[PDB]
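So the structure is just underneath, and the comments pick up after that.
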Amino acid sequence: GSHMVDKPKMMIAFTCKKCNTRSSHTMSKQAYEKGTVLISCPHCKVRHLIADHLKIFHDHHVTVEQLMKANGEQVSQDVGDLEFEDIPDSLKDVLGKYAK
Ligand SMILES: [Zn+2]
């Protein structure tokens with residue numbers, strides 16, 4: 001756990017091959033380069049992974065709702081985008097309980 005004042009943000013447009021819909025999304029560069037980032041496409045109402053560094057969904061045992069419950073974001077129809085640079089310990093716990 002640490003803190004810094006050098007966590008800028010960048011915009012990236014991705015073409016949704018699902019509904020052939022394109023949209024731009026801005027997220028923390030630190031969270032994207034070193035962390036998990038989720039973006040929702042304003043057409044098919046759905047979040048997609050762009051850069052997984054925390055391997056949160058890689059555990060195929062966590063839902064998008066859980067990730068929000070860990071952060072605090074109560075609203076989901078607000079921005080439809082979330083960034084993670086340092087996942088909690090309560091989450092990883094459920095991913096590391098069977099193996100000990
Ligand atoms: Zn889409």
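By convention here, the chains of the structure tokens are called A, B, ... in the order presented, each chain's residues are numbered starting at 1, and ligands are numbered starting at 1 in the order presented.
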Neighbour list for residue A:17 as a PyMOL selection string, cut-off 12 Å, only C-alpha atoms, skip fewer than 3 positions in-chain: chain A and resi 14+20-23+41+43-44+48
Nearby residues (only C-alpha atoms) at most 12 Å from residue A:47, same-chain spacing under 2 positions excluded, as a PyMOL selection string: chain A and resi 16+18+25+37-45+49-50+63-65+76-77+79-83
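These are the residues of chain A assigned alpha helix (DSSP H) by DSSP from backbone coordinates: residues 29, 30, 31, 32, 33, 64, 65, 66, 67, 68, 69, 70, 71, 89, 90, 91, 92, 93, 94 and 95 of chain A.
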Any chance you can output those residues with C-alpha atoms as an mmCIF file, in the first residue's frame?
data_model
loop_
_atom_site.group_PDB
_atom_site.id
_atom_site.type_symbol
_atom_site.label_atom_id
_atom_site.label_comp_id
_atom_site.auth_asym_id
_atom_site.auth_seq_id
_atom_site.Cartn_x
_atom_site.Cartn_y
_atom_site.Cartn_z
ATOM 1 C CA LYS A 29 -2.930 5.499 -17.186
ATOM 2 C CA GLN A 30 -1.483 3.899 -14.052
ATOM 3 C CA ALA A 31 -4.561 1.716 -13.570
ATOM 4 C CA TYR A 32 -4.569 0.738 -17.245
ATOM 5 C CA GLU A 33 -0.831 0.143 -17.614
ATOM 6 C CA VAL A 64 -18.389 -7.026 -12.197
ATOM 7 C CA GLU A 65 -20.732 -6.236 -9.307
ATOM 8 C CA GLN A 66 -18.235 -7.602 -6.785
ATOM 9 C CA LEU A 67 -15.456 -5.368 -8.110
ATOM 10 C CA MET A 68 -17.684 -2.353 -7.469
ATOM 11 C CA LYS A 69 -18.625 -3.499 -3.965
ATOM 12 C CA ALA A 70 -14.906 -3.533 -3.173
ATOM 13 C CA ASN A 71 -14.383 0.045 -4.355
ATOM 14 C CA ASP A 89 -7.403 -8.397 0.240
ATOM 15 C CA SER A 90 -10.943 -9.617 0.909
ATOM 16 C CA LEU A 91 -11.391 -10.387 -2.789
ATOM 17 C CA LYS A 92 -8.144 -12.238 -3.498
ATOM 18 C CA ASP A 93 -8.927 -14.226 -0.351
ATOM 19 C CA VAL A 94 -11.857 -15.954 -2.056
ATOM 20 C CA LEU A 95 -9.514 -16.716 -4.953
#
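In this model, the gap between atom CA of residue A:87 and atom CA of residue A:11 comes to 22.4 Å.
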For ligand 1, the nearest of the candidates A:10, A:97, A:52, A:46, counting only C-alpha atoms and all ligand atoms: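 Of A:10, A:97, A:52, A:46, the one nearest ligand 1 is A:46, counting only C-alpha atoms and all ligand atoms.
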Best match for closeness to ligand 1 among A:24, A:15, A:74, A:36, counting only C-alpha atoms and all ligand atoms: A:15
Backbone DSSP call of strand (DSSP E or B) for chain A, listed as number ranges by chain: A: 9-16, 21-28, 36-40, 47-49, 81-84
Expected file contents, prior selection, N, CA, C and O atoms, as a short mmCIF file (atom, residue, chain, number, x, y, z; two decimals), in the first residue's frame:
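File part06.cif, as written:
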data_model
loop_
_atom_site.label_atom_id
_atom_site.label_comp_id
_atom_site.auth_asym_id
_atom_site.auth_seq_id
_atom_site.Cartn_x
_atom_site.Cartn_y
_atom_site.Cartn_z
N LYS A 9 -4.34 10.34 -16.64
CA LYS A 9 -5.33 9.55 -17.36
C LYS A 9 -5.18 9.73 -18.87
O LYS A 9 -4.62 10.73 -19.33
N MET A 10 -5.67 8.76 -19.63
CA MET A 10 -5.59 8.82 -21.08
C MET A 10 -6.87 8.29 -21.72
O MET A 10 -7.57 7.46 -21.13
N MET A 11 -7.17 8.76 -22.92
CA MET A 11 -8.37 8.33 -23.64
C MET A 11 -8.02 7.32 -24.72
O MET A 11 -7.03 7.47 -25.43
N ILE A 12 -8.84 6.28 -24.84
CA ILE A 12 -8.62 5.24 -25.84
C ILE A 12 -9.94 4.78 -26.45
O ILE A 12 -10.85 4.36 -25.75
N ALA A 13 -10.02 4.85 -27.78
CA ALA A 13 -11.23 4.43 -28.49
C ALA A 13 -11.08 3.01 -29.02
O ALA A 13 -10.12 2.69 -29.72
N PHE A 14 -12.05 2.16 -28.69
CA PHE A 14 -12.03 0.78 -29.14
C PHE A 14 -13.28 0.45 -29.95
O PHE A 14 -14.39 0.85 -29.60
N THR A 15 -13.09 -0.28 -31.05
CA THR A 15 -14.20 -0.66 -31.91
C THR A 15 -14.85 -1.95 -31.44
O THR A 15 -14.25 -3.02 -31.51
N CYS A 16 -16.08 -1.85 -30.95
CA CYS A 16 -16.82 -3.01 -30.47
C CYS A 16 -17.20 -3.93 -31.62
O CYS A 16 -18.10 -3.63 -32.40
N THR A 21 -19.93 -1.12 -32.93
CA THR A 21 -20.06 0.23 -32.41
C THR A 21 -18.74 0.72 -31.80
O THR A 21 -18.11 0.01 -31.02
N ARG A 22 -18.34 1.93 -32.17
CA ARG A 22 -17.10 2.50 -31.66
C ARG A 22 -17.39 3.57 -30.60
O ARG A 22 -18.36 4.32 -30.71
N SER A 23 -16.54 3.63 -29.58
CA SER A 23 -16.70 4.60 -28.51
C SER A 23 -15.37 4.87 -27.81
O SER A 23 -14.50 4.00 -27.76
N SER A 24 -15.22 6.08 -27.27
CA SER A 24 -14.00 6.46 -26.58
C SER A 24 -14.20 6.42 -25.07
O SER A 24 -15.28 6.73 -24.56
N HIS A 25 -13.15 6.04 -24.35
CA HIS A 25 -13.20 5.97 -22.89
C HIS A 25 -11.88 6.42 -22.27
O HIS A 25 -10.80 6.06 -22.74
N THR A 26 -11.98 7.23 -21.22
CA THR A 26 -10.79 7.74 -20.54
C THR A 26 -10.63 7.09 -19.17
O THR A 26 -11.56 7.07 -18.36
N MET A 27 -9.44 6.57 -18.90
CA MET A 27 -9.15 5.92 -17.63
C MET A 27 -7.73 6.24 -17.16
O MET A 27 -6.90 6.68 -17.95
N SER A 28 -7.47 6.01 -15.88
CA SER A 28 -6.15 6.27 -15.32
C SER A 28 -5.08 5.46 -16.04
O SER A 28 -5.20 4.25 -16.20
N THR A 36 -6.29 -3.30 -13.58
CA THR A 36 -7.43 -3.71 -14.38
C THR A 36 -8.29 -2.51 -14.77
O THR A 36 -8.45 -1.57 -14.00
N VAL A 37 -8.84 -2.55 -15.98
CA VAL A 37 -9.68 -1.47 -16.48
C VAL A 37 -10.89 -2.01 -17.23
O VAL A 37 -10.76 -2.86 -18.11
N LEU A 38 -12.07 -1.51 -16.87
CA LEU A 38 -13.31 -1.95 -17.51
C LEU A 38 -14.03 -0.77 -18.16
O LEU A 38 -14.16 0.30 -17.55
N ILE A 39 -14.50 -0.96 -19.38
CA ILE A 39 -15.22 0.08 -20.10
C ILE A 39 -16.52 -0.45 -20.69
O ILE A 39 -16.56 -1.55 -21.23
N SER A 40 -17.58 0.35 -20.59
CA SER A 40 -18.88 -0.04 -21.11
C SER A 40 -19.15 0.62 -22.46
O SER A 40 -18.85 1.80 -22.65
N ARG A 47 -19.80 -4.17 -20.13
CA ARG A 47 -18.42 -3.81 -19.85
C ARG A 47 -17.46 -4.85 -20.42
O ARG A 47 -17.72 -6.05 -20.36
N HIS A 48 -16.35 -4.38 -20.98
CA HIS A 48 -15.35 -5.28 -21.56
C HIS A 48 -13.97 -4.99 -20.99
O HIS A 48 -13.66 -3.86 -20.61
N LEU A 49 -13.13 -6.02 -20.93
CA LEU A 49 -11.78 -5.88 -20.40
C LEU A 49 -10.83 -5.36 -21.47
O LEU A 49 -10.84 -5.83 -22.61
N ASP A 81 -17.81 2.74 -16.20
CA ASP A 81 -16.39 2.47 -16.33
C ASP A 81 -15.70 2.54 -14.96
O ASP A 81 -15.97 3.44 -14.17
N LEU A 82 -14.82 1.58 -14.70
CA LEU A 82 -14.10 1.53 -13.44
C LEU A 82 -12.63 1.16 -13.66
O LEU A 82 -12.31 0.41 -14.58
N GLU A 83 -11.76 1.68 -12.80
CA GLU A 83 -10.33 1.40 -12.91
C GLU A 83 -9.78 0.89 -11.58
O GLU A 83 -10.13 1.39 -10.51
N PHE A 84 -8.92 -0.11 -11.65
CA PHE A 84 -8.32 -0.70 -10.46
C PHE A 84 -6.80 -0.78 -10.60
O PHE A 84 -6.28 -1.27 -11.60
#
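Here atom CA of residue A:58 is placed at a distance of 22.3 Å from atom CA of residue A:1.
Minimum atom-to-atom distance to ligand 1, evaluated using only C-alpha atoms and all ligand atoms, belongs to A:19 out of A:51, A:19, A:62, A:4.
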